[PDB]
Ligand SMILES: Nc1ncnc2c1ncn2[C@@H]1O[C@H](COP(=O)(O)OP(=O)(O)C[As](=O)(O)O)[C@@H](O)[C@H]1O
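As a starting point, one isolated chain is supplied in structure tokens, in the form deposited without the named molecule.
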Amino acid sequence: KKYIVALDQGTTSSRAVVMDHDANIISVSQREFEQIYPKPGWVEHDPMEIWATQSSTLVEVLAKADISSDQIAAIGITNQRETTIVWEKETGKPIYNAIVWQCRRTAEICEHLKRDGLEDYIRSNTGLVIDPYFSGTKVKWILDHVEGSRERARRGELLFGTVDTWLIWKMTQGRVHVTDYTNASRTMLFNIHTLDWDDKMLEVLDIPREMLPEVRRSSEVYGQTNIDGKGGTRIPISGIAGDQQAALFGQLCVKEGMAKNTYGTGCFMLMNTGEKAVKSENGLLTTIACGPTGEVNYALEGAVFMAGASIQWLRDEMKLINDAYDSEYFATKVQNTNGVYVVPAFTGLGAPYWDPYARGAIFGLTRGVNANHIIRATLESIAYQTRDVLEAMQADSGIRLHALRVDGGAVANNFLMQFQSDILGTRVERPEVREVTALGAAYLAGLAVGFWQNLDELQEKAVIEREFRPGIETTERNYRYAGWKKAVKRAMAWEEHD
């Protein structure tokens, strides 16, 4: 029973990772799935495509490595947060697509919450902001959309889950309907202080309590997946955390004030705040994180909706880059953006603005602007967003970072890391293993079954592959950023409300 598997069910792909007791990566597999847009500003996934791709990557990562099922000591599950699925208990059939965290469809529902004066309650009790980001209003949308569904839900016929929950339920043939505190905290239906569902929110959004999973700590045996057969060895699912929380954990940011920024589909900066919730006065989120020994901690979070996804757009939709010839290649073919800024509000703006009516915009164009400039600006936007959240986080926490601890695939991009260093005037420390999300999920799972004894067993794993140090002075820094803010302001409030 020699390995731990992390299932990392992402916004744009499903991945599976096999790790050994030394905590080295032995095998990895990834499968993409379709991003569905039924209209502009909407974002959907097919839950059966989420399941299929995640189940199949698990099969593939063992097959390719010639690992048999019975050698797996435990599974850890980590996932794209907020994304919302509602299905039939009896058949497993979804009643609607997954509504992705990114989708803006519930803006109008959000306006109602705000009009009803719920801002303070929601922040005080859930740590969250009123925005289409969070699951609660998505659940409402689906129930309002599917005639009869509310009554069925009362009848107990319909289940809600975030993606962790959908996955476990499918992996356990429906025996387990569960979530962890970190995922639950993103739903806007869960009280992050009492550590239970919040009845006022359920009342407000008219969501039957019967739909809801049990909520548990992120390091604990939740159940059995019969991937060694129904007659085989027991393979327990024993770690769950929302992906950004799992990255925080795998970065060993388990002490108050410790922070990381993950570069994925989006960008997400979290700082652990120990056992105490810190209120944001600067447009951030208060959320649940994982303590040293898997207990409930709190974090501050800045969520940026588009980072890597903007590069994917360049590739897949604008076809301005490809595999052979990536973004860093083109970007560095030019010395600046020639005045161009790109505000990547493809799905509205997240922290610290929270404007679901913002839409993607490009500024500063002249006749001598080419593709490389636009490319380069799209990349710089990742760094500019980060500064936005970093500054807000410093204000809320009282803490100035002397170094930015980063992870995610995009960190492989030297141009981006250096520009990030530059625009912040802070060093950036890049690690040798970049997919820290999966590692976090592994550690949680592993700790739960005693594969590891403690986390400090894992202290010496990470290697700072590179340190980036600022190559520009305050004046330039500050000038470039000022223009960013000019761009952002012009992108805001684009979409006409319902």
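For every residue, the number given is its place in the sequence shown, counted from 1.
(request) Identify the stretch, either 193-201 or 328-336, whose C-alpha atoms have the larger mean B-factor according to the entry. (result) Going by the record's values, the stretch with the higher mean is 328-336.
(request) Compare the mean C-alpha B-factor of 416-424 with that of 345-353 as given in the PDB entry, and name the stretch with the higher value. (result) In the deposited entry, the stretch with the higher C-alpha B-factor mean is 416-424.
(request) Sort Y37, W51, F33, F468 by C-alpha B-factor from the entry and give me just the highest. (result) Among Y37, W51, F33, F468, the PDB entry lists the largest C-alpha B-factor for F468.
(request) Tell me, please, which of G264, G283, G398, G136 has the highest C-alpha B factor according to the deposited entry? (result) In this record, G398 carries the highest C-alpha B-factor of the candidates.
(message) Per the entry's values, where does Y222 land by CA temperature factor relative to the rest of its chain, in the lowest, middle or highest third?
(response) Ranked within chain, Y222 CA B lands in the highest tercile.
(message) Quick check on the deposited entry: does the C-alpha B-factor of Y443 sit in the lowest, middle or highest third of its chain?
(response) It falls in the middle third of the chain.
(request) Classify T474 as lowest, middle or highest third according to the C-alpha B-factor given in the PDB entry, relative to its own chain. (result) For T474, whose C-alpha B-factor we compare with every modelled residue in the chain, the answer is the highest third.
(request) Going by the recorded CA B-factors, say which third of the chain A482 sits in, lowest, middle or highest. (result) Tercile = middle for this residue's CA B-factor.
(request) Divide the modelled residues of the chain into thirds by Cα B-factor and specify which third, lowest, middle or highest, holds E44. (result) Bottom third by C-alpha B-factor.
Form solved in complex with the named molecule: not shown, discussed below.
(request) Pick the stretch from 119-127, 180-188, 383-391, 406-414 whose residues have a heavy atom within 4.5 Å of the named molecule in the entry with it bound. (result) The contacting stretch is 406-414.
(request) Although the named molecule is absent from this view, report whether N370 comes within 4.5 Å of it in the entry with it bound, heavy atoms only. (result) So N370 does not count as contacting the named molecule.
(request) Could you confirm whether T265 comes within 4.5 Å of the named molecule in the entry with it bound, counting heavy atoms only? (result) Yes, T265 sits close enough to the named molecule in the entry with it bound that at least one of its heavy atoms falls within 4.5 Å.
(request) Answer for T286 alone: is it within 4.5 Å of the named molecule in the entry with it bound, judged on heavy atom distances? (result) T286: no contact with the named molecule in the entry with it bound.
(message) If we define contact as a non-hydrogen atom of the residue within 4.5 angstroms of the partner, is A309 a contact of the named molecule in the entry with it bound?
(response) Answer yes; at least one heavy atom of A309 falls within 4.5 Å of the named molecule in the entry with it bound.
(message) Between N97, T337, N297, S327, only one gets a heavy atom within 4.5 angstroms of the named molecule in the entry with it bound; which residue is that?
(response) It is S327.
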